[PDB]
Amino acid sequence: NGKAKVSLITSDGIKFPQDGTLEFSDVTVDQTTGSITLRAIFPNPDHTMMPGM
Amino acid sequence: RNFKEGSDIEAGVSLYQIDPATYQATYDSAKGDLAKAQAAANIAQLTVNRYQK
């Protein structure tokens, strides 16, 4: 299990009910950023996630 | 997608399989022609062999 947990404080400041799966590790450096940006896919049974936020 | 994003990929490896509707179809195209192309030479060689004898 080196596939890490991830959690959220949703914009209300409330933390998302259940954690989510940190998917992969990108090797990407955004030239203006230093961005290590990853993706942890998250379950959304109630559709509260509303992507793009 | 053929892959786990962020993962490590081999060269020449299928990543995204695209719709081969027109293509697999298209592939059929030359196929018959090949089938038909060879057909002509078939007779021709069939003839030549005879003429040889």
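Residues numbered from 1 in each chain as written, not as in the entry; some residues may be left out. Chains lettered and ligands numbered in written order. Part of a larger assembly, values for the part shown. Heavy atoms only, no water.

Topic: the overall build of chain B
A tally of helices and strands in chain B yields 1 helix and 0 strands. Dimensions along the principal axes, computed over C-alpha positions, put chain B at roughly 65 × 25 × 10 Å. Looking at chain B residue by residue over its 53 residues, the buried ones come to 2%. Within chain B, one finds 6 positive and 6 negative side-chain charges whose respective centroids are separated by 17 Å. (Helix = DSSP H or I, 4+ residues; strand = E, 2+ residues; numbered from the N terminus. Buried < 20%, exposed > 50% of the residue type's maximum accessible area, 1.4 Å probe, protein only. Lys, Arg positive; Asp, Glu negative; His and termini not counted. Charge placed at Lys NZ, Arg CZ, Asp CG, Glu CD.)

Brief notes about the pattern of salt bridges
Between side chains of opposite charge, pairing is possible as soon as their charged atoms come close. Taken as a whole, this structure holds 4 salt bridges over all chains when the rule is applied. Among the ionic pairs, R39 of chain A bridges to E5 of chain B, the shortest N-O distance being 3.7 Å. With one member in each of two chains, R39 of chain A in the segment after β2 (20-21) and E5 of chain B in the segment before α1 (21-52) form a pair that bridges those chains. Classification of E5 of chain B by relative accessible area gives partly exposed; the value is 29%. One salt bridge in this structure joins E5 of chain B and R1 of chain B, with 3.8 Å as the shortest N-O distance. Three or more residues are tied together by salt bridges with common partners; here these are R39 of chain A together with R1 and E5 of chain B. (Salt bridge = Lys/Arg side-chain N within 4 Å of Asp/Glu carboxyl O.)

Points about a nonpolar patch on the surface
All names here are of chain B. A cluster of nonpolar residues, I9, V13, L15 and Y16, forms a patch on the protein surface that exposes about 350 Å² of accessible area. Tracing the backbone shows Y16 in the segment before α1. Classification of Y16 as exposed rests on a relative accessible area of 55%. (Patch = residues over 30% accessible without salt bridge, like charges linked within 9 Å, V, L, I, M, F, W, Y side chains within 5 Å. Areas by Shrake-Rupley, 256 points an atom, 1.4 Å probe, with all protein chains shown as cover.)

Quick notes on unusual backbone geometry
Residue and element names in this part refer to chain A. Of note in the backbone geometry, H47 takes a positive phi value of approximately 60 degrees without being a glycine. By secondary structure assignment, the location of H47 is in the segment after β2. For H47, a relative accessible area of 57% corresponds to the exposed category. Of note, the phi angle at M50 is positive, near 50 degrees, even though the residue is not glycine. Structurally, the position occupied by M50 is in the segment after β2.

Quick word on the packing of aromatic side chains
What characterises a pair of aromatic rings is the spacing of the ring centres plus the angle enclosed by the ring planes. Residue and element names in this part refer to chain B. Tallying each qualifying case throughout the model produces 1 aromatic pair over all chains. Between the aromatic rings of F3 and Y16, the centroid separation amounts to 5.2 Å while the plane-to-plane angle is 45 degrees, which identifies the pairing as tilted. With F3 in the segment before α1 and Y16 in the segment before α1, the pair connects residues that are 13 residues apart, well separated along the chain. The exposure class assigned to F3 is buried, which follows from its relative accessible area of 18%. Above the face of the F3 ring, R1 is positioned so that its terminal group lies 5.7 Å from the ring centre. (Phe/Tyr/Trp six-rings, centres within 6.5 Å; stacked < 30°, edge-to-face > 60°. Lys NZ or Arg CZ within 6 Å of the ring centre and 35° of its normal.)

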